[PDB]
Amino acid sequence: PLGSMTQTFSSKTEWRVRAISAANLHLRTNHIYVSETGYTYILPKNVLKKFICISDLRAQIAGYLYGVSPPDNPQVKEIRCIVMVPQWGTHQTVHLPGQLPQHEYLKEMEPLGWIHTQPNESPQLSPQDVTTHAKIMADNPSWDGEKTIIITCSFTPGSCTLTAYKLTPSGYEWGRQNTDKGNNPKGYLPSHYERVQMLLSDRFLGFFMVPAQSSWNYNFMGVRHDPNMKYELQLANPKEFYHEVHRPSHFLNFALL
């Protein structure tokens, strides 16, 4: 039997194509774009380009926003720091620990929300981000509903488009209760959010904060990632998505033939 004619299967793991595509992410940093409320948020370009180059085109990654207002002028929020915490995500959402960033450097700043990539550009804010942003507000009173925002960095073809949303009161009480993770949850309305004004600037620079002993990418070590995990922070810049120390299994499974 067997067949007149048969072949042998060759493994083609999907992360290899994404890793090759992740190498060209710097080209998108040459074409980033932006899409009222009361608060104006200013994002420095140096940390945003770095946030793009360390991301994945399908697996979403997220970072926490921190900053202050200009000296004698409180109607504007200047984003000053992006914090990378142990995380793993999919094409629709990301999974952060329950603990918020804690460090002396950030005690002189206020939390301004979070920023995350996403594959496809959508005209409306995700139902998962409404659930995530509201559940963070329920567990952390330091996240004001009129101050914290959600910045979406959607991978448009050969470019990057930025959109910033805040949460309405109507959307907060629904995101905290929601347990449906689908795309059309029960009680999801466009009145749950409004768009905040966002401006990129080159006149000042931000900085990054990464875990002390760990790294941030757990998309290849999801077993070690737990929502109750703890972490400290250091003043350093994050590594790329497919850096060597983010996927040890790939290097040693090749060592043991």
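Numbering starts at 1 and follows the sequence shown. Only the largest set of C-alpha atoms that superpose within 1.5 Å between the two forms is called the rigid core.
- Taking the rigid core as the alignment reference, the C-alpha atoms of 36-44 lie farther on average from the displayed form in 7 other deposited structures of this protein than those of the other stretch among 23-31 and 36-44.
- After superposition on the rigid core, the larger root-mean-square Cα deviation in 7 other deposited structures of this protein belongs to 67-75, not to the other of 84-92 and 67-75.
- According to the record, the deposited sequence contains 4 to 9 residues between residue 35 and residue 36 that were left without coordinates.
- Looking at mean Cα B-factors across 224-232 and 46-54, the upper value is held by 224-232.
- For the two regions 36-44 and 207-215, the entry's Cα B-factors average higher over 36-44.
- Take 74, 86, 98, 101 and read off each C-alpha B-factor from the entry; 74 has the highest.
- Ranking 132, 184, 140, 90 by the C-alpha B-factor listed in the PDB entry places 184 at the top.
- Looking at the C-alpha B-factors along this chain, the one for residue 59 belongs to the lowest third.
- Among all modelled residues in its chain, residue 65 ranks in the lowest third by Cα B-factor.
- Sort the chain's modelled residues by C-alpha temperature factor and residue 81 lands in the lowest third, per the entry.
- Among all modelled residues in this chain, the alpha-carbon of residue 28 has a temperature factor (C-alpha) in the middle third.
- Annotation for residue 119: C-alpha temperature factor in the middle third relative to the rest of the modelled chain, per the entry.
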